[PDB]
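Chemist: Provided herewith is a single structure, encoded as structure tokens, for subsequent inquiry.
Numbers and lists here come from the model and the stated rules, or from a named source; these are not laboratory values. Virtual Cβ from ideal backbone geometry, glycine too; neighbours counted across all protein chains shown.
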Amino acid sequence: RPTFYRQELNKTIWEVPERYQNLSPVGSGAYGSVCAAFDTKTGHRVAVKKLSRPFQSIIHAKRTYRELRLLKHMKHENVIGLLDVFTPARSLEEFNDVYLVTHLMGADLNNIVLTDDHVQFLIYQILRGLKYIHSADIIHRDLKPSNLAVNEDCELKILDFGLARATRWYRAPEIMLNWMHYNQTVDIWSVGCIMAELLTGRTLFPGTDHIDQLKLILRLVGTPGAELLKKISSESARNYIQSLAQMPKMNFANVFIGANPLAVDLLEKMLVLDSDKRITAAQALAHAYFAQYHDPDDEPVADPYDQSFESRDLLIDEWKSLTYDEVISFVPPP
Ligand SMILES: COc1ccc(N(C(=O)Nc2ccccc2Cl)c2ccnc(N[C@@H](C)C(C)(C)O)n2)cc1
């Protein structure tokens with residue numbers, strides 16, 4: 001066991017191993033706070049996230065355990081993974097803090113203030129990470145610019161995916177309006193929104209609320225034909241769509257006038273209302289727009305991922321002990 005040291009950063013306390021030096025606060029949440037640091041063992045800059053109150057309820061506890069499990073599993077260049085996990089606790093009984101460490105990333109994409117080959121490379125890498133996450137049967141559910149991290153080199157990683165766990169601007173219409181049996185393609189919608197906005201410089205669908213969001217989406221993609229209408233189980237939703245004065249599908253060339261037409265065509269395949277008809281991440285990577293980057297021998301899939309725990313309704317101590325086990329059993333990357 002290594003030696004630890006305490007300091008007090010901006011209202012919060014931090015006890016981290018001596019391995020990590022020069023913590024500078026970098027952001028925060030009800031979920032946790034983050035510091036950049038220097039990792040004396042590798043010479044690299046890293047990010048250490050302290051979870052806020054990991055075991056404050058059975059739902060905090062289960063979330064903690066979810067995040068750790070997911071992260072122990074994610075091993076892909078375009079996905080945030082786990083360099084380290086540690087607790088100052090020397091026993092399960094004193095176990096009440098969790099710290100997570102990964103490579104430090106310079107910025108996120110809401111910050112970015114793009115050209116065609118920039119859009120190509122960034123979307124290519126998101127899709128490549130999503131292909132991997134989707135293959136473990138994980139759905140991100142909240143892909144947005146602020147969740148995608150990027151260096152000045154334009155290397156990109158997805159943060160905070162998985163697995164259970166305005167944002168509404170990038171949300172797919174089926175998840176928005178509470179058709180609670182979606183699929184992985186909800187993420188492909190978000191990707192279309194992100195990509196639209198990188199090429200265009202504005203938010204594709206800036207809803208002021210969920211109803212308005214839906215109205216903006218229907219404006220571009222048109223109201224469902226009977227084919228999609230018949231798969232809508234809720235007369236609430238069905239009637240609302242069937243109360244909305246009809247609207248035609250716009251031609252994407254006009255709305256994304258001056259954009260590479262190959263991007264216009266990808267977007268058309270991503271931004272379909274019918275999630276049974278939406279292109280998947282693997283299909284998207286093979287689309288012509290990414291010809292400069294696609295390589296079917298270097299778009300790996302994931303080991304299968306046991307998320308059975310998700311149906312379990314356990315005690316706080318139970319979730320806490322399971323999290324501790326995972327911490328103990330952690331095997332550093334080479
Ligand atoms: C496995 O353990 C970690 C360790 C750190 C993180 N992390 C964050 O959670 N950051 C973050 C997220 C939301 C809001 C503010 C922040 Cl600062 C990271 C990871 C890498 N790089 C960053 N950079 C910050 C500066 C960012 C660009 C995301 O704002 N944050 C993720 C997983």
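Chemist: So which residues in segment 175-191 are surrounded by fewer than 24 Cβ atoms within 10 Å (Cβ to Cβ) and touching a helix residue (DSSP H, G or I) at 6+ places or on another chain (Cβ under 7 Å), if there are any at all?
Modeler: 175, 176, 177, 179, 182, 184, 186
Chemist: Need a quick list: helices (runs of 4 or more DSSP H) entirely within segment 201-313 having at least 1 residues that are under 29 Å from residue 165 (Cα atoms).
Modeler: Passing ranges, in order: 210-221, 226-229, 235-241, 261-270, 281-285.
Chemist: Can you pull out every residue in segment 73-90 that is touching a helix residue (DSSP H, G or I) at 6+ places or on another chain (Cβ under 9 Å) and more than 10 Å from the ligand (Cβ to nearest atom)?
Modeler: If the condition is that a residue be touching a helix residue (DSSP H, G or I) at 6+ places or on another chain (Cβ under 9 Å) and more than 10 Å from the ligand (Cβ to nearest atom), then 75, 76, 77, 78, 79, 86, 87, 89 are the ones that fit.
Chemist: Restricting attention to segment 101-111, report how many residues are within 17 Å of the chain's Cα centre (by Cα), aliphatic (A, V, I, L, M) and near the ligand (Cβ under 7 Å from one of its atoms).
Modeler: Residues in segment 101-111 being within 17 Å of the chain's Cα centre (by Cα), aliphatic (A, V, I, L, M) and near the ligand (Cβ under 7 Å from one of its atoms): 3 in total.
Chemist: Just to check your reading of the model, which residue among 40, 12, 64 is β-branched (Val, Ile, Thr), more than 9 Å from the ligand (Cβ to nearest atom) and under 30 Å from residue 131 (Cα atoms)?
Modeler: Exactly one residue qualifies, and that residue is 64.
Chemist: Whether any residue in segment 218-226 is farther than 30 Å from residue 128 by Cβ, loosely packed, with under 13 Cβ neighbours inside 10 Å and not acidic (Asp, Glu) is what I want to check.
Modeler: Yes: segment 218-226 contains one or more residues that are farther than 30 Å from residue 128 by Cβ, loosely packed, with under 13 Cβ neighbours inside 10 Å and not acidic (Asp, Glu).
Chemist: Can you name the number of the only condition in (1) in contact with a helix residue (DSSP H, G or I) (Cβ under 9 Å, 6 or more places away or on another chain); (2) in the same structural domain as residue 196 (by CATH) that residue 297 fails?
Modeler: Condition not satisfied by residue 297: (1).
Chemist: Starting from residues that are of a type in the set (S, T, N, Q) and surrounded by fewer than 21 Cβ atoms within 10 Å (Cβ to Cβ), keep the ones in segment 121-146 and report whichever is nearest to the ligand (Cβ to nearest atom).
Modeler: The qualifying residue nearest to the ligand (Cβ to nearest atom) is 146.
Chemist: If you go through segment 220-237 one residue at a time, do you hit one that is under 20 Å from the mean Cα position of the chain (by Cα) and either small (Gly, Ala, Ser) or in the same structural domain as residue 81 (by CATH) (or both)?
Modeler: no
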